[PDB]
Amino acid sequence: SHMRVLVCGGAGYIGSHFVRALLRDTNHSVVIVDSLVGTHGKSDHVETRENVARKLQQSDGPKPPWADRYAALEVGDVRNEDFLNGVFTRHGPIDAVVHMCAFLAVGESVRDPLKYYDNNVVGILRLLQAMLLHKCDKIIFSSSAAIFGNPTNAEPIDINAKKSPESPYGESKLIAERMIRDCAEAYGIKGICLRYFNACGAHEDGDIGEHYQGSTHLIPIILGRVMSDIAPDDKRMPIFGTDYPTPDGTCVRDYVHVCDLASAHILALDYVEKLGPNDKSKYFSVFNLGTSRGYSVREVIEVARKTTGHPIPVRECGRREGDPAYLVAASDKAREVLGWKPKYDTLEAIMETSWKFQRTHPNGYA
Amino acid sequence: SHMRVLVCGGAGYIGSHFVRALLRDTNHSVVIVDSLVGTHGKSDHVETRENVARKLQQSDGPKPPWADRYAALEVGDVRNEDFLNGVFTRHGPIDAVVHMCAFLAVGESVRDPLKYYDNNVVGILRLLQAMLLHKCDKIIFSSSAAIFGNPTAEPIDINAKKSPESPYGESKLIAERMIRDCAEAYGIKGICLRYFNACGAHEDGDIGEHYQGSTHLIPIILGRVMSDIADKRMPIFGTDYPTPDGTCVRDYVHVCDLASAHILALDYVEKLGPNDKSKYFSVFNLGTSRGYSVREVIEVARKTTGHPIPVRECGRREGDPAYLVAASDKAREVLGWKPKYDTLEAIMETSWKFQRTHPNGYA
Ligand SMILES: NC(=O)c1ccc[n+]([C@@H]2O[C@H](COP(=O)([O-])OP(=O)(O)OC[C@H]3O[C@@H](n4cnc5c(N)ncnc54)[C@H](O)[C@@H]3O)[C@@H](O)[C@H]2O)c1
Ligand SMILES: NC(=O)c1ccc[n+]([C@@H]2O[C@H](COP(=O)([O-])OP(=O)(O)OC[C@H]3O[C@@H](n4cnc5c(N)ncnc54)[C@H](O)[C@@H]3O)[C@@H](O)[C@H]2O)c1
Ligand SMILES: O=c1ccn([C@@H]2O[C@H](COP(=O)(O)OP(=O)(O)O[C@H]3O[C@H](CO)[C@H](F)[C@H](O)[C@H]3O)[C@@H](O)[C@H]2O)c(=O)[nH]1
Ligand SMILES: O=c1ccn([C@@H]2O[C@H](COP(=O)(O)OP(=O)(O)O[C@H]3O[C@H](CO)[C@H](F)[C@H](O)[C@H]3O)[C@@H](O)[C@H]2O)c(=O)[nH]1
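And the structure:
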């Protein structure tokens, strides 16, 4: 069932995986608006025409069904109203927006909040304005468990739990959920906010993922440590905080796989597509995306150890500014309403796909 | 005590009152940035160098100790990067920013949020960014009782749980987190002033909110009297709220009492420096602590005018919480705030005095 989807931030880690899924498992037409700021200014991994042609070229087994499926690449910043309006016009009419652009370094957001309030909030505000201008009524926004922060009993957080963000990154997601929500009653915009918890894993083909260099996330940062235990003879793995209210001092988290997250967006796209003016108390919804099983920083590292076969010595430090103690998803609503079935349940299987990618990319897409 | 103040939205209703107060009760220098988007694009009423000399000229009798004082006026949007930097360059260094500019129709905000999100939120961000670039480190922000929304009875505490009933309430709220965050990150000192329902005119009767195109009760009410002298029926929005009389209860605070709270807030931020901490971000609720329903206001209007103010009852205006009255202990105990006005009757008198002698606003 055809739609023309514009994907902001579509050249990033999570973005690349969603795009892949669109190309492979939908008949949807894809436009990526990305600025490349989160991709060191490069677009080699992006499945453009044009790039997919150069992949079908060098090498061949049996030509797969998805082979001619490619995305357009508009490069520039969504905060640029002039450029963005051009994108909607040239590639329209756009049916739905999947909004995945942001800055996402929780630690950085505390030290430089203006940088986060600007990009994250102003970005979304421009999207909604463009949508309005171009008669576009559907949006999937990449939200985050960072909206919940700490309780005022640590167990799976449902869609409606209290929102006390502990970081300006969390704030900026919540602000955007509010703007989107408010556009529902006012303009009939149909929005689904998806609260990913901790994005992890990589595509089974092992060719796109989150390289450890410049990364701020746990699993990339471990594997990165493993990549230098390997390289020709301080080294150890930093733990941020061991004095949290958890069964082992380490922050606990819910590690969901980028492909399961990808499939949630397709269900979400499908669910907003079938909404009628009849409803319309369903025009805005939210969903928490996670496995529901939690792991602590210490537990994570252990799984890396068994997955890579490497020593990985640790090294404890002080807490990072803006980290809750616990963030584990209750995903009932996603499973009921969207019929979301996450294929990856254990971290071991996810860890496998993250390793497979990293271990084959010593220098990244470079 | 000589400090240089940028007042954004200073050409407005509350701005003009705060500025006069700055000019007459302090030695602060004064610069006004305002796009004139709320003053119908004119500045005749602004106390610039030209205009303060004309008051002097038409005036008879001995000059007051403030007859020469005046503010600089800069015309443009705070959202325009170039223009703002221009203003900070020329008039710099700026010691404090007073941020009073916004869109403010609670009703319109529900119907058209992005208009409010753009202006209210993008506005405060630009300022915060421009404050950062030009090394200004003190801000006084115009907040609102609209951040509280309905409870989950009693005058409202600064730390009462905030659940906004409207996009306008939301935008004031998010600016407060933005400003709080900025204290921690960059050591900006910020005071958030939650005004309640702003009311009254100044005692001289030359300035205040004209009724034509106003979205506010008291101006709309006195509007009806003017319409009749100078349905015509005065509409009541909702009669089914859970309040004693069925109509919304609000807390009407005199613009001059609001003004003097700012001057108190300026003394409070300047009296901080390196050698401090957690006094860097603070919030104050500003009201009289007396609640008046819509019906009661109309009664006070009815008494002040001699006019019958014939009425008709409609449904709710969306985004209106039932009850919004201030608890102002903290504002008194920490700034030393003493609102000179208390009952709505005396406040209503200043309102009407202005309004009855201004058949066509400023034109
Ligand atoms: N990574 C996670 O664990 C995770 C979890 C929850 C939420 N999220 C959210 O999901 C989204 C994407 O996550 P990611 O991990 O892929 O990060 P990412 O940096 O890999 O991808 C985001 C993309 O957005 C782009 N971008 C940033 N600002 C832009 C701008 N203003 N205009 C155009 N493009 C811009 C970047 O270039 C990047 O390609 C973000 O919105 C993030 O907040 C991520
Ligand atoms: N009026 C009230 O009942 C009251 C109560 C609570 C809070 N507030 C807040 O206090 C402030 C004062 O409101 P007011 O009653 O004087 O209304 P007002 O419209 O008269 O004042 C706002 C002024 O700012 C200007 N302005 C708006 N956007 C601007 C922009 N982006 N750039 C430059 N100038 C801009 C307008 O031209 C206007 O002069 C507002 O921030 C309002 O939200 C007012
Ligand atoms: O060297 C390191 C690096 C990280 N950590 C810790 O590993 C855990 C996970 O950290 P990440 O940065 O990978 O992810 P977060 O838990 O900070 O994730 C938050 O940021 C993400 C976006 O970047 C998502 F939004 C997510 O929903 C939100 O919870 C935390 O204890 C963090 O402090 C360490 O102990 N040592
Ligand atoms: O024609 C009217 C106009 C107003 N009202 C009622 O009068 C009360 C006050 O209305 P206003 O819009 O004049 O004032 P608000 O209470 O909506 O003020 C709100 O918005 C103000 C700024 O516009 C301030 F921010 C204030 O903090 C916040 O309570 C509300 O119940 C409103 O529904 C009527 O019945 N008929």
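Residue numbers (the entry's author numbering), protein chains in the order written: chain A, -1 to 150, 157 to 237, 249 to 381; chain B, -1 to 150, 158 to 235, 249 to 381.
By construction, the Cβ of each residue, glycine as well, lies at the ideal position given by its N, Cα and C atoms.
- Taken residue by residue, none of the stretch 350 to 376 of chain A has a beta-carbon sitting less than 9 Å from a beta-carbon on chain B.
- Across the structure, residue 126 of chain A and residue 113 of chain B are spaced so that their CA atoms are roughly 11 Å apart.
- Contact between residue 251 of chain A and residue 330 of chain A holds: their C-beta atoms lie close to 4 Å from each other, under 8 Å.
- Taken atom to atom, the span from the alpha-carbon of residue 376 of chain B to that of residue 311 of chain B is near 27 Å.
- Excluding five sequence positions before and after residue 108 of chain B, the CB atoms of its chain that fall closer than 7 Å to its own CB belong to 171, 172, 336 and 337, given in chain order.
- Within the stretch 159 to 186 of chain B, 172, 175, 179, 182, 183 and 186 place their CB atoms closer than 8 Å to a CB of chain A, listed in sequence order.
- For residue 168 of chain A, the closest alpha carbon among the candidates A/184, A/142 and A/185 is that of A/142.
- Between residue 3 of chain A and residue 284 of chain A, the C-beta gap is smaller than 9 Å, which places the two residues in contact.
- In the three-state reduction of the DSSP assignment, residue 102 of chain B falls in the coil class.
- Comparing alpha-carbon positions, the option among A/266, A/26 and A/296 lying closest to residue 309 of chain A turns out to be A/266.
- For the pair residue 26 of chain A and residue 43 of chain A, the CB atoms are not nearer than the 9 Å cut-off.
- For residue 102 of chain A, the Cβ falls inside the 8 Å cut-off from some heavy atom of ligand 1.
- Nearest CB-CB separation between residue 110 of chain B and chain A: below the 9 Å threshold.
- Residue 190 of chain A belongs to the set of residues whose beta carbon lies under 9 Å from a beta carbon in chain B.
- Relative to the non-hydrogen atoms of ligand 3, the Cβ of residue 253 of chain A comes within a distance shorter than 8 Å of at least one.
- Residue contact check for residue 82 of chain A against chain B: no CB pair falls below 9 Å.
- Buried is the label assigned to residue 160 of chain B, since at least 16 other Cβ atoms lie within 10 Å of its Cβ.
- By the rule that beta-carbons nearer than 9 Å mark a contact, residue 95 of chain B does not touch chain A.
- Residues of chain A with a Cβ closer than 8 Å to the Cβ of residue 120 of chain B are, in chain order, 120 and 123.
- Distances from the CB of residue 299 of chain A to the heavy atoms of ligand 3 are all 8 Å or more.
- Less than 9 Å separates the beta-carbon of residue 16 of chain B from that of residue 280 of chain B.
- A straight line joining the alpha-carbon of residue 325 of chain B with that of residue 317 of chain B spans about 10 Å.
- Annotation: Cβ neighbours of residue 126 of chain A in chain B (cutoff 7 Å, chain order): 112.
- Contact between the stretch 173 to 180 of chain A and the stretch 132 to 149 of chain A is present, with at least three C-beta pairs closer than 8 Å.
- Counting along the chain, the unbroken beta strand (DSSP E) around residue 199 of chain B starts and ends at 194 to 200.
- Taking all protein chains in view, the Cβ of residue 270 of chain A is crowded by 16 or more other Cβ atoms within 10 Å, so the residue is classified as buried.
- For residue 146 of chain A, the three-state secondary structure derived from DSSP is coil.
- Interface annotation for the stretch 286 to 314 of chain B against chain A: empty, criterion Cβ-Cβ distance under 7 Å.
- Apart from the 5 residues on each side of it in sequence, residue 348 of chain A sits with its Cβ closer than 6 Å to the Cβ of 163 and 302 in its chain, given in chain order.
- Where residue 317 of chain A is concerned, the enclosing alpha helix (DSSP H) starts and stops at 312 to 323.
- From the listed residues B/257, B/20, B/121 and B/165, the smallest Cα separation to residue 6 of chain B is found for B/121.
- Secondary-structure assignment with DSSP links residue 304 of chain B through a beta bridge to B/200.
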